[PDB]
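Visitor: Below are the structure tokens for one structure; questions will follow.
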Amino acid sequence: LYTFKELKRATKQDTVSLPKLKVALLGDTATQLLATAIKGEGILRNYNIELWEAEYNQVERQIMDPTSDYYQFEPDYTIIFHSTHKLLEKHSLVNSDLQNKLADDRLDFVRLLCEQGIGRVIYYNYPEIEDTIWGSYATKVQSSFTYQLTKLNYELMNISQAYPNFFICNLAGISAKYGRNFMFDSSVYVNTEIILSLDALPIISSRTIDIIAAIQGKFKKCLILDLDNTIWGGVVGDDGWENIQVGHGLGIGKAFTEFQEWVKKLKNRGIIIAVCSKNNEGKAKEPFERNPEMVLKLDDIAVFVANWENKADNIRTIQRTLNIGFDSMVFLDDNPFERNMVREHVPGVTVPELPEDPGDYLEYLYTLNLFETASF
Ligand SMILES: [Mg+2]
Ligand SMILES: [Mg+2]
């Protein structure tokens, strides 16, 4: 993640070398900063982004008019930003008959957009704004904003499964973590029509570019794990295989269990898992083999490297074994010196700056969206 300042600075960089992509952005709130952020983020991801911005609140206007500037632009990607905030206003101004059709009408427009067949579409879904008009009782009232929005987000996912060209960017899931209190800045919105806060902007640009990059064929394929204090608490060489911290019951071992469960999901979706550890190989494998509380087993690990050599060399060994790019690899290690040396000595490998407390690893990894993809 970058700051908006860094993203804007990047838009000034020399773009000659980079492959060009034409990106259209159309929204119902003010999009000028988001445009800058997307363009700069793309450049930092090695794309020369030519970004066309529709005029304020002309989404339907541009898409509905075949002679419009939008179609003349012939974009490679079309990013649509329909905000929950503006949909909330739309809903509030109509009677129950039209409110009952809020989701359906929006879904119709989305399908119409998909049917045009114009490059790939990236579409932000809708974080819930609970209006508390009914309280929680809103779930029982079809015409309520809460019901319509829940229906809308569900059917949007079904649209993405029907149209290979249509990608959602999960603004809703992103916002669920940070909260609207952080994502939305009322004072700025009132005076500028900008709906995302300054600190939210780089989060959304990064998540938008993650999708574009994945479609272009740049996505992570492999996760490399340290062992001690990364996937279990403690040091196996000193404490023994029976004594590593993992499993339910109170305390940090539970965090390692839940973290291993995340790794298990990656393996189950085709991510290659490798181990790279400063350990005797026999000792390093023992917990996988003997400790029943391990979630990960040896058969989940494609390449297992445990020795006393520097991890940079070991990662080259792993890369050569797998024949995938260093830039398709993620390396997780609790030791800052190990992280820093892999960063310096194996450029291309992504090395997340894990927080010191293992109880915070997973929520931190969530902020990085490491495993965006574009195929099942
Ligand atoms: Mg370690
Ligand atoms: Mg280790």
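Within each chain, counting starts at residue 1; across the structure tokens, chains are named A, B, ... in the order shown, with ligands numbered 1 upward in that order.
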Please extract the residues at most 10 Å from ligand 2, counting only C-alpha atoms and all ligand atoms, and provide them as a list in words, using the chain letters and residue numbers of this document.

Guide: residues 225, 226, 227, 228, 229, 230, 231, 234, 235, 236, 237, 275, 276, 277, 278, 279, 284, 306, 307, 308, 311, 333, 334, 335 and 338 of chain A

Visitor: Taking the chain letters and numbering used in this document, name the residues of segment 170-254 of chain A that DSSP puts in alpha helix (DSSP H), as a PyMOL selection string.

Guide: chain A and resi 171-178+180-183+186-192+201-215+236-239+253-254

Visitor: Can you list, as a VMD selection string, every protein, DNA or RNA residue that comes within 9 Å of residue 34 of chain A when you count only C-alpha atoms, leaving out same-chain residues fewer than 2 positions away?

Guide: chain A and resid 25 30 to 32 36 to 39 194 196 201 to 202 204 to 205

Visitor: What does the distance between atom CA of residue 261 of chain A and atom CA of residue 222 of chain A come to in Å, to one decimal place?

Guide: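 Between atom CA of residue 261 of chain A and atom CA of residue 222 of chain A the gap works out to 16.2 Å.
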
Visitor: Work out how far apart atom CA of residue 132 of chain A and atom CA of residue 107 of chain A are and give it in Å to one decimal.

Guide: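 Calculated distance between atom CA of residue 132 of chain A and atom CA of residue 107 of chain A is 24.0 Å.
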
Visitor: Please determine, counting only C-alpha atoms, which residue among A:28, A:108, A:128, A:193 has the shortest atom-to-atom distance to residue 174 of chain A.

Guide: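 Smallest distance to residue 174 of chain A is found for A:128.
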
Visitor: Which residues are near residue 209 of chain A? Cut-off 12 Å, only C-alpha atoms, ignore same chain within fewer than 5 positions. Put them as an mmCIF file with C-alpha atoms, in the first residue's frame.

Guide:
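Wrote out02.cif, looks like this:
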data_model
loop_
_atom_site.group_PDB
_atom_site.id
_atom_site.type_symbol
_atom_site.label_atom_id
_atom_site.label_comp_id
_atom_site.auth_asym_id
_atom_site.auth_seq_id
_atom_site.Cartn_x
_atom_site.Cartn_y
_atom_site.Cartn_z
ATOM 1 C CA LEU A 1 0.000 0.000 0.000
ATOM 2 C CA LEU A 21 -3.620 0.158 -20.968
ATOM 3 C CA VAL A 23 -8.816 2.622 -18.519
ATOM 4 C CA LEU A 34 -9.566 8.286 -7.511
ATOM 5 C CA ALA A 35 -8.465 8.690 -11.142
ATOM 6 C CA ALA A 37 -4.720 7.184 -7.506
ATOM 7 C CA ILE A 38 -5.596 4.470 -10.030
ATOM 8 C CA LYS A 39 -3.250 5.901 -12.659
ATOM 9 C CA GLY A 40 -0.346 6.230 -10.217
ATOM 10 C CA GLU A 41 -0.967 2.793 -8.696
ATOM 11 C CA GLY A 42 -0.944 1.290 -12.190
ATOM 12 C CA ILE A 43 2.373 2.952 -13.017
ATOM 13 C CA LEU A 44 3.897 1.567 -9.825
ATOM 14 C CA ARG A 45 2.626 -1.835 -11.008
ATOM 15 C CA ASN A 46 4.460 -1.335 -14.336
ATOM 16 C CA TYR A 47 1.541 -0.232 -16.516
ATOM 17 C CA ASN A 48 1.314 2.970 -18.517
ATOM 18 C CA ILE A 49 -2.297 3.794 -17.684
ATOM 19 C CA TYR A 77 -10.900 -1.652 -18.818
ATOM 20 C CA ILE A 79 -14.282 0.928 -13.978
ATOM 21 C CA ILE A 122 -14.519 -3.640 -12.997
ATOM 22 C CA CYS A 169 -14.001 -5.146 -6.808
ATOM 23 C CA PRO A 202 -4.792 4.171 -1.910
ATOM 24 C CA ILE A 203 -6.566 1.094 -0.549
ATOM 25 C CA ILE A 204 -9.121 1.225 -3.347
ATOM 26 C CA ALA A 214 -4.283 -10.435 -12.491
ATOM 27 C CA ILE A 215 -6.229 -10.205 -15.749
ATOM 28 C CA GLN A 216 -3.004 -9.166 -17.520
ATOM 29 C CA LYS A 218 0.457 -10.992 -13.139
ATOM 30 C CA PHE A 219 -0.652 -12.733 -9.948
ATOM 31 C CA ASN A 369 -4.746 -8.726 -0.859
ATOM 32 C CA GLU A 372 -5.965 -11.707 -6.315
ATOM 33 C CA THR A 373 -6.546 -13.916 -9.314
#

Visitor: Which of segment 11-91 of chain A end up as strand (DSSP E) when DSSP is run on this backbone - answer as JSON, numbers by chain?

Guide: {"A": [20, 21, 22, 23, 24, 25, 26, 27, 48, 49, 50, 51, 52, 53, 77, 78, 79, 80, 81]}

Visitor: Please produce a file of the residues just selected, as a PDB file, in the first residue's frame, where the atoms kept are C-alpha atoms.

Guide:
ATOM      1  CA  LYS A  20      -0.062   0.815 -22.206  1.00  0.00           C
ATOM      2  CA  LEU A  21      -3.620   0.158 -20.968  1.00  0.00           C
ATOM      3  CA  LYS A  22      -6.671   2.308 -21.651  1.00  0.00           C
ATOM      4  CA  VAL A  23      -8.816   2.622 -18.519  1.00  0.00           C
ATOM      5  CA  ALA A  24     -12.191   4.385 -18.399  1.00  0.00           C
ATOM      6  CA  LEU A  25     -13.521   5.504 -15.009  1.00  0.00           C
ATOM      7  CA  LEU A  26     -17.145   6.564 -14.523  1.00  0.00           C
ATOM      8  CA  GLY A  27     -18.723   7.344 -11.155  1.00  0.00           C
ATOM      9  CA  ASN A  48       1.314   2.970 -18.517  1.00  0.00           C
ATOM     10  CA  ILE A  49      -2.297   3.794 -17.684  1.00  0.00           C
ATOM     11  CA  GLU A  50      -4.147   6.117 -20.039  1.00  0.00           C
ATOM     12  CA  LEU A  51      -7.058   7.142 -17.842  1.00  0.00           C
ATOM     13  CA  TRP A  52     -10.243   8.644 -19.283  1.00  0.00           C
ATOM     14  CA  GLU A  53     -12.668  10.050 -16.704  1.00  0.00           C
ATOM     15  CA  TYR A  77     -10.900  -1.652 -18.818  1.00  0.00           C
ATOM     16  CA  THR A  78     -14.063   0.118 -17.676  1.00  0.00           C
ATOM     17  CA  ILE A  79     -14.282   0.928 -13.978  1.00  0.00           C
ATOM     18  CA  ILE A  80     -17.738   1.869 -12.710  1.00  0.00           C
ATOM     19  CA  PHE A  81     -18.135   3.451  -9.284  1.00  0.00           C
TER      20      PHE A  81
END

Visitor: What lies within 12 Å of residue 89 of chain A using only C-alpha atoms, ignoring chain neighbours under 5 positions off, as a count of residues only?

Guide: 9

Visitor: Skipping near chain neighbours, those fewer than 5 positions away, what residues fall within 12 Å of residue 68 of chain A using only C-alpha atoms, listed as a PyMOL selection string?

Guide: chain A and resi 54-55+58-63+73-74

Visitor: Using only C-alpha atoms, find the one residue out of A:263, A:223, A:190, A:271 that sits nearest to residue 376 of chain A.

Guide: A:271
